[PDB]
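A.B. asks: Sharing a structure, written as structure tokens. Questions coming.
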Amino acid sequence: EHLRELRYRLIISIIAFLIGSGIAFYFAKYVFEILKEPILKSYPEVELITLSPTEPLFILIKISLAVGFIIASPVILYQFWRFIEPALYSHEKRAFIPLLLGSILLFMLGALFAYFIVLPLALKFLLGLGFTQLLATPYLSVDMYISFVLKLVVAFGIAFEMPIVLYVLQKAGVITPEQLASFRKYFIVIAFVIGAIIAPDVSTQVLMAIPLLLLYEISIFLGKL
């Protein structure tokens, strides 16, 4: 039965996923403007053009999905939690609700952080480094950028979860604070691996990474038993 529950909770997450995608589809052209402002106001000379033959949808869809995972996270986190505790780890259920709410706001926070802190600071190191304006004007490619923004905004939105998800793991006794202090070095690559999978150059890869690592240090810090 431990095996069937997953097949009955996963479908509840994907089905809700398609609901947040259908709704977002309409707010795609809107959410799309948002993702442009950072560049349309900071560097108006920079020109973003669809190098593609006529693929403005590919961008509208990719967005309508990721962001769709943002508005649907409230259900996703719910199904997730209700599949592990009290299910298999915790027990009390008064600690369940606060888990949902917290994890919920932590998602919006994890989502806001990147879009308002990471992404902006990223571009600054991408083309905002010195008077290197001559090598970049009708050069900007919407894809590279847009694709970057989203992937970056999501990875961070989720990454933020590790804490709470790991916090509960420790309180239950599955993982001790020390076991992590010994995984510090190994995790460093993790943050540098994910940081390389979405960031173009070192400056960016390193940038975003640090924040995750740092937050991961908060988790262990919370290790107050």
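FYI, it's all coordinate maths here, none of it is from the lab. Virtual Cβ from ideal backbone geometry, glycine too; neighbours counted across all protein chains shown.
A.B. asks: In the list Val142, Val174, which residue meets the criterion of being among the β-branched types (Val, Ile, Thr), touching a residue at least 60 places away in the same chain (Cβ under 8 Å), in contact with a strand residue (DSSP E or B) (Cβ under 8 Å, 6 or more places away or on another chain) and at negative phi?
C.D. replies: Matching residue, one of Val142, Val174: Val142.
A.B. asks: Report every pair of residues separated by at least 6 positions or lying on different chains whose Cβ atoms are under 8 Å apart, first residue within segment 36-61 and over 13 Å from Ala136 (Cβ atoms), second part of a helix (DSSP H, G or I) and of a type in the set (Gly, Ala, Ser).
C.D. replies: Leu60/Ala28; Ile61/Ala28
A.B. asks: Would you confirm whether or not segment 140-154 contains a residue that is out of contact with any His (no Cβ under 7 Å at 6 or more places or on another chain), part of a loop (DSSP other than H, G, I, E, B) and farther than 16 Å from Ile220 by Cβ?
C.D. replies: Yes, the conditions are met somewhere in segment 140-154.
A.B. asks: Okay, next question. Restricting to segment 62-96, count the residues that are basic (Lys, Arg), closer than 25 Å to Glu5 by Cβ and touching a residue at least 40 places away in the same chain (Cβ under 8 Å).
C.D. replies: Within segment 62-96, residues that are basic (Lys, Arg), closer than 25 Å to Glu5 by Cβ and touching a residue at least 40 places away in the same chain (Cβ under 8 Å) number 1.
A.B. asks: What are the residues in segment 80-100 that are part of a helix (DSSP H, G or I), more than 17 Å from the chain's Cα centre (by Cα) and buried (at least 16 other Cβ atoms within 10 Å of the Cβ), if any?
C.D. replies: The answer is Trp81, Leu99.
For every residue, the table says whether it meets (1) of a type in the set (S, T, N, Q); (2) closer than 30 Å to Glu161 by Cβ; (3) loosely packed, with under 13 Cβ neighbours inside 10 Å.
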site	(1), (2), (3)
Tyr30	no, yes, yes
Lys41	no, no, yes
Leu60	no, yes, no
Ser64	yes, yes, no
